[PDB]
Each structure stands twice: as C-alpha cells, then as structure tokens.
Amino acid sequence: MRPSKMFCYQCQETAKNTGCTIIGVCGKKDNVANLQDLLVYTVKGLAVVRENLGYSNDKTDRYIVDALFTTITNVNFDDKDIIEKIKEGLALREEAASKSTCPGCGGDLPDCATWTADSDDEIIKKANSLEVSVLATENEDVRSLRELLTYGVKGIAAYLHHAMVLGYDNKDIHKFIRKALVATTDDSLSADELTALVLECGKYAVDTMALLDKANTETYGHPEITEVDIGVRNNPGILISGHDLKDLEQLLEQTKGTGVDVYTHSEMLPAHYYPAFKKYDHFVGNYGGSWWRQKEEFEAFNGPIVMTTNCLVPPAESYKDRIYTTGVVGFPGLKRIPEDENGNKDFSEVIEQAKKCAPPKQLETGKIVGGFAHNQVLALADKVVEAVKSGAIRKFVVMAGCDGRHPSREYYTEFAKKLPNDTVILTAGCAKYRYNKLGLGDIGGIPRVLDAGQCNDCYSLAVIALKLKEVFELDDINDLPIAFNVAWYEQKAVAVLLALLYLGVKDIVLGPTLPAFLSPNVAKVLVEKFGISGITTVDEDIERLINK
C-alpha cells in the first residue's frame, strides 16, 4: 500500500517544497499522478528489455521520449490518455521480449520489466502500488540522485521529441536515455556511479539541445533581430502556446487567406524571430505573458487556443470549449487536433470555430525585441567584444529559465530593474516574462535584454559564452564577465541546469527555491563542488553577483 494518496515533487511549486501528497498544486489529481508513475515504470522496463536485446528501433525510441514528455509538469492531466500510453508501452515491451535470444538466461529482471495487466482495473491497481512510487527507493541519497537523473532525462526527452518531429535524430542520445533509465532500476550502483550519470545527463542535454537547435534553424532559418507586436488587431485569432514550431508552421499555412489571425503565447514567442514565420502577414504578435497567467489571458483572447506542449493549466469553464490539445498534451474533455500517420495536423475545426469568435481583447500595446540566438549574436560579435573591451558592457547576467506562479518571483523583476546600466541580461525560456517588457534600453545599440529564444535556446547562450571564451583566450568559462541567476519550474530546466554544470559553469544562483528532490547530502555537493546557491534578497544578490 502507498502511504499517501500520491507523491510527486518534480516541480518548483511542489507543496511546502517537500511533496504533493493529496492533489498536485498544478491540479494533477492523485489517480493521474499514480498513473504517471506507472508510465515511467513501464518506460523503465521497456528500456531494460531493449538494453538486453542490444538495440532499439524508431518506434520504440519515439514512444520512450513521448511517454517521458507526457509526465512533465503541466503536459497531461488525462488519466485515459495515460492508460493508453501505458498499454502501448506494455505492448512494445512484450514485442521486444518476444525477440530475445536468451529467453530465461538473463538474470532475474526487475519487476518493471515483467509486470503485466490485462484490464484497466489491473493497471489502476498497479499504479496505486508502492513499488511504482518515487518513495520505493528507500535510501534518501540514492532516491535523490535517481530522481534528479530521471527529471534531467525527461528534459532531454522533451527536446529530443521536438527534434524527431522535425525529422532529426541522434541514436546515441536514445542510448543514453535507456542507460540512465536502467540505472535507476539497478541496486548495484553506488552513489558515485549515479553522480557520474547525472553529469553525463548534462553532456547529453547539450547534445540534445544542439540537435534541436539544428532542427529548428535548418527548418525555419536562424533567428534574427525582430520587433514583435504585443498589441492586437481586429480579426478573430487563434493563439498557439507551448514550444512546437512545426505545429505553428501548419497552423499558419492553413489560416492563410481565411481572415483568422495567428498569435503566439509564452514559449511560442520566439517563433516570431525565425524567417520562415516572419513571412506571413496574418502572424500578428505575442499575446499576454508566461504560462501561469493563462486562465485570465486565454479567456480574454476570445478565440481558440492550441496547446502544443507544457505548460497547460486546468482550464477555466469560460474557454474549455475552445482550447485544443496536440502532441503529448492532454486534459479530459478537451478536443484534440486531428493528425495523420505522417504527422500532418488538421486545424480545420479550430479555424471554423475561430471565424465565429470576437477578436482578442487588448491587454497592452507596444513591442518586444528579440532574436539574439547564436547566429545573430555571432554576426554582431565585433560589436559585442568591443563593448566588453571598452567596459561599456561590464557584465552579462543569464536570467534564463522558467517562470511560475510564486510571488517570490517578483525578485527577478526587481533584480532586473536594479541592475546597473552597464549590464546586459541574457535570456531564454519563459522566465523572460518577468523582465522583457521593462524598457531597459540599450548600450551602444545592443539591447540590455537579449532574448535568444525558448528554453532550449539556452544552447545559444552556451554557444555565445564559449565563443567569448575563445575570443578572450580564457582557460575557464567562469573567467568571463558573466553571472547566472536562473529560475526554474519544470523538468526541461533540470536538463538545462545539468548542461550548464557539464559545461563547467560554477556559482549558479538557482531559484526562487531549490528543488525538493535534492536531499541534504546531494544539495551539499551542489553547493560545495558547483557553487550552487539559492536566492536571498535583491540587494544582497546584486552585491554578490554584480558588485563584488
């Protein structure tokens, strides 16, 4: 028997920073949480069986990343959809096991690789079992390392999903995903071995973000400096949220000539920086702020909303009838975008509904400038280097990552406002919405907020830093005039963090709280070896990061 109805602590908003045990703060109900645990368990067992075979295939690789992504915060609240994904994984595992060359020989397999269920009732019973819970790992430090690795792997999986959607892949990354999953089932490993896998997860996070950067830029062009409207026009619109640029491509193609405009929301803002989307005159602008304001902003938008990935919050009744899910997203009673076997999506029902809607309510007017991904910044490298050498830019501050609901995140807005006028903020991810409309101006034409894009575009921030390290002939990335004051919420941010640690970045400030899934001993290593610190007060952190 489980000791509580559920247990989940994977996001920054976990109850009391110790764990959601009755209902998720995010709205994930206990039955859904337990089914997500079973989906992860099923994926681990599939990984075991494929690793025993010695090879995988494309359908298994895609299933694994999609199943992991299904369990990221604010992606899927639909117990029925999670049950079908569990059944799909069991079928793939049973198919794989039927191909074994040594039926019986391999040492006793873990229960995740052999459990079965022939009805939804039996699936639900297994989901409610102790063995699938996070707390099944009894030692606190092993549990912390296993969960930290798992959440990093979920972040990798999400980015790899998007690359695969675009026709890109890297089987070495999938191999690592399977290795890491299997490691969490292996009681022979020491904490040092798990620590090494966490660092390796950072290595593969860099490789995955490199692959997604390649996929997005080869498909849609390199981001370029762009002014994005944050006001509204006078036509019915469709609002697209999340991160999938291929969904946007198809939505724009299908809305051309219809009288329905398209707007972006939250992590779709960076689509406006890509040449392939800038070409459409009905692509109006970015509506609203980050994900956590969506109940009010989706209502005010009046038109339909298409959610391509996280973050989805349980919808208000006012717009439930006009919000659609695609990809791995799910919520009971929300309509899906129809999709064929080749990944082509049909937005016809959305467009017909949009034509009947009022235009969006104006929330604000003005522009956001962005598009400073790696190609664009490297094209300005002489100007950037000259400003560093003259002291016109004294420090860069990476404030990338995720936004969220906690009012403690007012810290990030006030930190940005208190930064001296010779500093530049480098950003990516929806954390940007705490400071991207502040009107901070420019330094010799270089804006004081440089938005490289989506959270995956932290890759560009790394590429930029490594280019500056080479230009200045420095042996250590940390010798650059760069500070890190990163905000996190969901598991892609864990992958980004691990990527930065693998790249050698020290003294990161991580906030607005530190994860619940770090045990005291694991947190101590992060502090002592990597210099990780939580936020304090704006004034104290400006002093320690900028003025000392």
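Sequential numbering from 1, following the sequence displayed.
514 to 522 versus 24 to 32: which one carries the higher mean Cα B factor per the record?
-> Comparing averages over the C-alpha atoms only gives 514 to 522.
Looking only at CA atoms, which has the higher mean B factor in the entry: 389 to 397 or 194 to 202?
-> Going by the record's values, the stretch with the higher mean is 389 to 397.
Which one, 112, 426, 443, 156, has the peak C-alpha temperature factor per the PDB entry?
-> If I rank 112, 426, 443, 156 by C-alpha B-factor, first place goes to 443.
For the listed residues 432, 279, 222, 174, which one has the largest C-alpha B-factor as given in the deposited model?
-> Highest C-alpha B-factor among the listed options: 279.
Going by the entry, which third of its chain does the Cα temperature factor of residue 535 land in?
-> As the PDB entry reports it, the C-alpha B-factor of residue 535 lands in the middle third of its chain.
Against its chain's modelled residues, does residue 480's Cα B factor rank lowest, middle or highest third?
-> For residue 480, whose C-alpha B-factor we compare with every modelled residue in the chain, the answer is the highest third.
Going by what the PDB entry lists, where does residue 152 fall on CA B-factor within its chain: lowest, middle or highest third?
-> Lowest third, going by the recorded CA B-factors of the chain.
Within this chain's modelled residues, let me know which third the CA B factor of residue 55 belongs to: lowest, middle or highest.
-> Top third by C-alpha B-factor.
Among the modelled residues of its chain, does the C-alpha B-factor of residue 266 lie in the lowest, middle or highest third?
-> Answer is lowest: the recorded C-alpha B-factor places it there.
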